[PDB]
Amino acid sequence: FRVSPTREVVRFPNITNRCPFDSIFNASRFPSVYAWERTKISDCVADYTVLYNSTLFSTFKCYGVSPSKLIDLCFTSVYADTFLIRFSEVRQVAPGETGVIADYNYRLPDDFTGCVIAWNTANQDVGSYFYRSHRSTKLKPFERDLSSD
Amino acid sequence: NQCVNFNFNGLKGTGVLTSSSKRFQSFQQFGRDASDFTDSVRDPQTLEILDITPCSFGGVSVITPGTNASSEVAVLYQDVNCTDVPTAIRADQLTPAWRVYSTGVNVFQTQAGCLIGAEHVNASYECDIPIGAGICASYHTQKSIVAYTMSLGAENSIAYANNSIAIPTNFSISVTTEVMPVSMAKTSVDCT
Amino acid sequence: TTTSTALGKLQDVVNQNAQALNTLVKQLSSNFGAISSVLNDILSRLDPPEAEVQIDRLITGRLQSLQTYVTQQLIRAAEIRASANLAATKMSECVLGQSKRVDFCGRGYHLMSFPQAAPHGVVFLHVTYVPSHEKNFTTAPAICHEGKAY
Amino acid sequence: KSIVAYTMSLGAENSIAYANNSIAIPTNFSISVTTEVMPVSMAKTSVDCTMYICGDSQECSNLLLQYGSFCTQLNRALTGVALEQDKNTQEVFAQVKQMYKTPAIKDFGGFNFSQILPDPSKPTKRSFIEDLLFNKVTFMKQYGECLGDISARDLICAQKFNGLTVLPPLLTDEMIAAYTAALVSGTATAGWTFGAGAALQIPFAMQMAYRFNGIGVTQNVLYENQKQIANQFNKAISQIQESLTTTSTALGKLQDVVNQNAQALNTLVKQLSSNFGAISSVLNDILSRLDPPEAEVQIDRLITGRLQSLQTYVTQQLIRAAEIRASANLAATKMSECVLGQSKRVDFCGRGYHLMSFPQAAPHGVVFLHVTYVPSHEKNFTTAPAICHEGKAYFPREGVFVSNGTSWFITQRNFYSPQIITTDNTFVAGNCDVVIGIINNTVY
Amino acid sequence: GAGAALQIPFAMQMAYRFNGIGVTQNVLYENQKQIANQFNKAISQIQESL
Ligand SMILES: *[C@@H]1O[C@H](CO)[C@@H](O[C@@H]2O[C@H](CO)[C@@H](O)[C@H](O)[C@H]2NC(C)=O)[C@H](O)[C@H]1NC(C)=O
Ligand SMILES: *[C@@H]1O[C@H](CO)[C@@H](O[C@@H]2O[C@H](CO)[C@@H](O)[C@H](O)[C@H]2NC(C)=O)[C@H](O)[C@H]1NC(C)=O
Ligand SMILES: *[C@@H]1O[C@H](CO)[C@@H](O[C@@H]2O[C@H](CO)[C@@H](O)[C@H](O)[C@H]2NC(C)=O)[C@H](O)[C@H]1NC(C)=O
Ligand SMILES: *[C@@H]1O[C@H](CO)[C@@H](O[C@@H]2O[C@H](CO)[C@@H](O)[C@H](O)[C@H]2NC(C)=O)[C@H](O)[C@H]1NC(C)=O
Ligand SMILES: *[C@@H]1O[C@H](CO)[C@@H](O[C@@H]2O[C@H](CO)[C@@H](O)[C@H](O)[C@H]2NC(C)=O)[C@H](O)[C@H]1NC(C)=O
Ligand SMILES: *[C@@H]1O[C@H](CO)[C@@H](O[C@@H]2O[C@H](CO)[C@@H](O)[C@H](O)[C@H]2NC(C)=O)[C@H](O)[C@H]1NC(C)=O
Ligand SMILES: *[C@@H]1O[C@H](CO)[C@@H](O[C@@H]2O[C@H](CO)[C@@H](O)[C@H](O)[C@H]2NC(C)=O)[C@H](O)[C@H]1NC(C)=O
Ligand SMILES: *[C@@H]1O[C@H](CO)[C@@H](O)[C@H](O)[C@H]1NC(C)=O
Ligand SMILES: *[C@@H]1O[C@H](CO)[C@@H](O)[C@H](O)[C@H]1NC(C)=O
Ligand SMILES: *[C@@H]1O[C@H](CO)[C@@H](O)[C@H](O)[C@H]1NC(C)=O
Ligand SMILES: *[C@@H]1O[C@H](CO)[C@@H](O)[C@H](O)[C@H]1NC(C)=O
Ligand SMILES: *[C@@H]1O[C@H](CO)[C@@H](O)[C@H](O)[C@H]1NC(C)=O
Ligand SMILES: *[C@@H]1O[C@H](CO)[C@@H](O)[C@H](O)[C@H]1NC(C)=O
Ligand SMILES: *[C@@H]1O[C@H](CO)[C@@H](O)[C@H](O)[C@H]1NC(C)=O
């Protein structure tokens, strides 16, 4: 009962340049859900505060880690997947879901660790986009069909 | 050398020292122990390895003669040497009342550890409060804690000769008691 | 009448029979990973599908306390039985007869014993023969008189 | 070589030649010394609850406050065990309270007591047999030694960095050696008198004559064969200290006790690598990635289960301490009955007819050396239940009637020594016609 | 039980066992038939009790 700590020591690496957020979140265009793309992120300083006065996210759900703890954490294998769907299909982007998106276009693994971010982009995307309606079987996690006819 | 909470990409509050020539494969920061523990963290920008040790190590014991008799105590620090007590219990971060039991003149070294708060006595008595390794303590005379060494029994000698015998000339009748337990209480439990 | 410590074993048995039922009572005020240790507080503010998973967290743990108490009771009875067996053997051998076993019935040469009833036990009064006043003498293993040893 | 399977053998096949007028009487004897190893006490352990569960974690330490009756309960349960181990040693070894001095001369009528008594030349205060016994069985590590050696991670340092420690015994080995030396010197210079009062000296040849008389052999046999008996005892004290140098399995029980004291603290350390239904077995990983309302749920799952491991260890320790106490009680009874006196119970103090016993100190136990009487060389004789002379039957007072072929004699049961049948050797009860198998002879 | 087996005609053994409990051995030799009948009767009426 006699001893207690009194001060804190913190040691972090030498990385100093900010992470590209406007290159990913504010890209010129996004691919279709059946042709989703993967981007590697490395040598970054990830601070989400810089998007506070410019963005508005309808969905922000994290798995295996809690929000308001990402400030004091260091990650190693960071990857980003970007695609474009309808507003009502965001609920299918979750581990263990069903629907036309969850088994034929994009499937998450069961032991998934990461976050899912979505926001509405009306008056920005006007073109025609495609998705898989049916298939002979279901997709494996983190797999892509990328074919037609 | 202080109790500190460290944040080398992970939170834990211990005492940090300088590590020896530990083997590191230039890839890991902490490694893993047998009990799924992370020990001897590496400084993330340099190559220097540090030491993670609990800053409350070992067990301590308190010897008291009873609160209705006195209020002074004696502290036994197990498996440490004397003059290593203030480093072991981090005496500089404690209250001044706790600091008077880390050094002084009533310091005695036993095989059970360093005992502070009782001055050694060269006499031998029966065991009152057992401490360990043949050392017992009591409350003797103005009174104090004595922390003596126990006595096995009275010293005797037998006069042996090859033509000699001792034969009793009288006797006595003695009645002595013996107390043995037989039964205990009969308890019943209702689950719901 | 003056010495008040000769019956310490029976008092220890009585004190160990107590304070184990008291710790079983005081262990009821434990959450065991629930929002409260009172069942009424859980049942008055939660719907049954939620409250079932909180009642289960108390049930598992009150059962643990009961199992621990039963195990310690069995372990204590295991040595109480051995003490009772030794007491029965001493009653059969020191009271109903004279024993030649060394230090089985008192210290010295055993003459007889008397039993006395005690709360949750028995007290034996051993009567023994103790030689007191020795004296030096000169001895010899044998004596021969007419060429024949005696 | 190959693995073979067979039916076990119960023992050697034997047959006894039985006749209704026939007896077998030994004509020679031998003195045998045998050992017996009994455990007395085990190691005393202490457990710190918070240090084992969540040492150096204030969040779990605050969470480990609804509990605490369990921790004090198991702490007092472990404290009750540690107090019993000193009581076992006190009840076994501290039977007498007179520290009798070791005699200067270790020879008592041709019997050599040098190997079971301390010698003043050697620096250690224990006998040669105790020195041999203390090497047949294989902690007190300090802080600074544990930190200075992480290249070799031993099990003792991992136990002490959690809340597991071992307390030293109250009585050191020197005190046990002094108790055994006092007991041996008392039983060598005073026999059995000091166990029921003050010690009375006896020249140890008359004491051996009394002990021979206790087993049904007349005391003149010892005085006739004293040199051979002393030579046999000295040869039997020898070739048992060389059996403690080559053979390395006589102390198996104490080694089993030591090995069971270990590897239960080791499994308690290795049981910390368990999730118990949580996302990780490390508290720091849970606390560094989850907010406290979610982290409390995962911390509670580790707490409930580390408590279970501690409870299981305490229960097994109590169960082991019960049988340790039973062995200690048996050892105390054996010390009170085989060493402080002569026992008539069959096979209680060695095999044979018990004469005397000597205790020797062993780590966490005691070793008894039982000296016994073994008859060796039997011979065939023709016997009769009674002899009638003038119409009146005669019966032996102590012994049996035997015939060597021509004449009739009376001899003791356990040693062949024929004597003339006189009226002092027999008593008169009845007539010839009431005894089946009576014979005709003369009584001098 | 304390060495090699030595034979004895079992009447002298019973006389020795009678002497062990404080009864002189001539009682056994006087009442051998009655004692044997009592032993045979006691070995009986205990198997039928089983
Ligand atoms: C959101 O806040 C950022 C951070 O202050 C603003 O970016 C700065 O804007 C000022 C003009 O107001 C420029 O001079 C700075 O160079 C900008 N700094 C950086 C680091 O880019 C940003 O303008 C704000 N956005 C809105 C819409 O108000
Ligand atoms: C991966 O490709 C294989 C073919 O290489 C697919 O297997 C086909 O599965 C369908 C299911 O209806 C069958 O009709 C085809 O006959 C299969 N083809 C062959 C050559 O066996 C498989 O379904 C693909 N997808 C996955 C997720 O494994
Ligand atoms: C043995 O001791 C007893 C006492 O324990 C002696 O009895 C005493 O004898 C004296 C005279 O010699 C009397 O004055 C006392 O009253 C006696 N005491 C008691 C309690 O009766 C006894 O004489 C001693 N015997 C020998 C042989 O010395
Ligand atoms: C029997 O004789 C022995 C030997 O003389 C006595 O032992 C002596 O006791 C005196 C008591 O003052 C001591 O000073 C001596 O040192 C002892 N001698 C030895 C050799 O140890 C013994 O007391 C006598 N016993 C009785 C009952 O009178
Ligand atoms: C006493 O005599 C009996 C026979 O009366 C001996 O027993 C015989 O021992 C021999 C040894 O070679 C065997 O071949 C016989 O079969 C035995 N006979 C019976 C009936 O079992 C016995 O050995 C003799 N004892 C001694 C000590 O000499
Ligand atoms: C019992 O047997 C022993 C061992 O054979 C006998 O001791 C031997 O006695 C002879 C003389 O009779 C000596 O030459 C031998 O040296 C002795 N042997 C040993 C090992 O000491 C002994 O005599 C026998 N005892 C009886 C009573 O017959
Ligand atoms: C008792 O036995 C011991 C051990 O054998 C004997 O001590 C040895 O005696 C011989 C002969 O004098 C010496 O060479 C050895 O050095 C002694 N060994 C030790 C360890 O002391 C002792 O003499 C015997 N006692 C007697 C015969 O009275
Ligand atoms: C980079 O790391 C070095 C290691 O020696 C340290 O001295 C320096 O301060 C670091 N630089 C920054 C900008 O943190
Ligand atoms: C983001 O993209 C929009 C068009 O979608 C553009 O108007 C804007 O300038 C870009 N940058 C920022 C910082 O908002
Ligand atoms: C403690 O002191 C002893 C001598 O009394 C020494 O041998 C031992 O190494 C010391 N232990 C330490 C410094 O840890
Ligand atoms: C007490 O014993 C110690 C150790 O032998 C010795 O140095 C000291 O002088 C003794 N003191 C007295 C007062 O006898
Ligand atoms: C029996 O002993 C007697 C007395 O010693 C002796 O005379 C006789 O010859 C012995 N008989 C035999 C057969 O040895
Ligand atoms: C011993 O048995 C024989 C037959 O083997 C018999 O003739 C004899 O009478 C018996 N003797 C006794 C005393 O029973
Ligand atoms: C013993 O002597 C008596 C009396 O002379 C005689 O009747 C009997 O037959 C004898 N018995 C034996 C076995 O010789």
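Residue numbers (PDB author numbering), protein chains in the order written: chain A, 301 to 449; chain B, 500 to 640, 649 to 699; chain C, 899 to 1048; chain D, 650 to 787, 793 to 1098; chain E, 849 to 898.
We put the CB at the ideal spot given by N, CA and C, even for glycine.
- Shortest gap from the CB of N353(A) to any heavy atom of ligand 1: under 7 Å.
- Taking a Cβ-Cβ cut-off of 8 Å, the neighbours of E948(D) in chain A comprise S366, given in sequence order.
- Annotation for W597(B): the continuous alpha helix (DSSP H) segment containing it runs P595 to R598.
- The chain-ordered list of residues whose CB is nearer than 5 Å to some heavy atom of ligand 4 reads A666(B), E1032(C) and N1034(C).
- Relative to ligand 9, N420(A) has its C-beta separated by 7 Å or more from all heavy atoms.
- DSSP places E878(E) in the helix class (H, G or I) of the three-state scheme.
- Residues of chain B with a Cβ closer than 9 Å to the Cβ of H1024(C) are, in chain order, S681, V682, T683, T684 and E685.
- Across the stretch 656-671 of chain B, CB contacts with chain D closer than 9 Å involve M657, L659, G660, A661, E662, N663, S664, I665, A666, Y667, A668, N669, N670 and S671, in sequence order along the chain.
- Between the C-alpha atoms of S601(B) and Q813(D) there is a straight-line separation of about 25 Å.
- Taking 8 Å as the cut-off, the Cβ atoms of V1020(D) and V689(D) count as close.
- With fewer than 16 neighbouring CB atoms inside 10 Å of its own CB, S358(A) falls in the exposed class.
- If you keep only unbroken alpha helix (DSSP H) runs of at least 4 residues inside the stretch 938-990 of chain D, you get 946-988.
- Listed along the chain, the chain D residues whose CB falls inside 8 Å of the CB of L373(A) are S942 and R943.
- A residue is called buried when at least 16 other Cβ atoms come within 10 angstroms of its Cβ; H1018(D) meets this threshold and is buried.
- Contact between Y379(A) and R338(A) holds: CB atoms are separated by about 6 Å, below the 8 Å threshold.
- Interface with chain A (8 Å Cβ-Cβ cutoff): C581(B) is excluded.
- Closest by C-alpha distance to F387(A), out of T376(A), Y431(A) and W419(A), is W419(A).
- Contact check for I957(D) against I940(D) fails: the beta carbons are separated by 8 Å or more.
- With fewer than 16 other CB atoms across the displayed protein chains lying within 10 angstroms of its CB, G870(E) is exposed.
- Contact fails between the stretch 723-740 of chain D and the stretch 701-715 of chain D, because fewer than three Cβ pairs, one in each stretch, are under 8 Å apart.
- Within the chosen limit of 7 Å, ligand 12 does not reach the beta carbon of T1026(C) with any heavy atom.
- Residues lining ligand 2 by the Cβ criterion, that is a Cβ closer than 5 Å to any of its heavy atoms, are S436(A) and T437(A) in chain order.
- Between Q1014(D) and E828(D), the gap from beta carbon to beta carbon reaches 8 Å or more.
- Of the heavy atoms belonging to ligand 7, none sits nearer than 7 Å to the Cβ of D780(D).
- Ranking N314(A), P313(A) and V309(A) by CA distance to the CA of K511(B) puts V309(A) first.
- By alpha-carbon distance to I1090(D), the top candidate from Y864(D), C1003(D) and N670(D) is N670(D).
- The Cβ of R999(C) sits closer than 8 Å to at least one Cβ of chain D.
- With contacts defined by Cβ atoms closer than 8 Å, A661(B) and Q855(D) do not form a contacting pair.
- By the neighbour-count criterion, in which a residue is buried when 16 or more other Cβ atoms sit within 10 angstroms of its Cβ, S534(B) is buried.
- Residue ranges of uninterrupted alpha helix (DSSP H) with 4 or more members are absent from the stretch 356-383 of chain A; none lies entirely inside it.
- Contacts with chain D at 8 Å (Cβ-Cβ) include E977(C).
- The Cβ-Cβ distance between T355(A) and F325(A) falls below 8 Å.
- Put simply, the CB of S651(B) is far from chain D, with every gap to its CB atoms at 8 Å or more.
- Taking the C-beta atoms as reference points, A975(D) is found no nearer than 8 Å to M748(D).
- At a cut-off of 7 Å, the beta-carbon of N677(B) counts as near ligand 3: some heavy atom of the ligand is closer than that.
- Of all alpha-carbon atoms in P947(C), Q970(C), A949(C) and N920(C), the one lying nearest the alpha-carbon of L972(D) is that of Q970(C).
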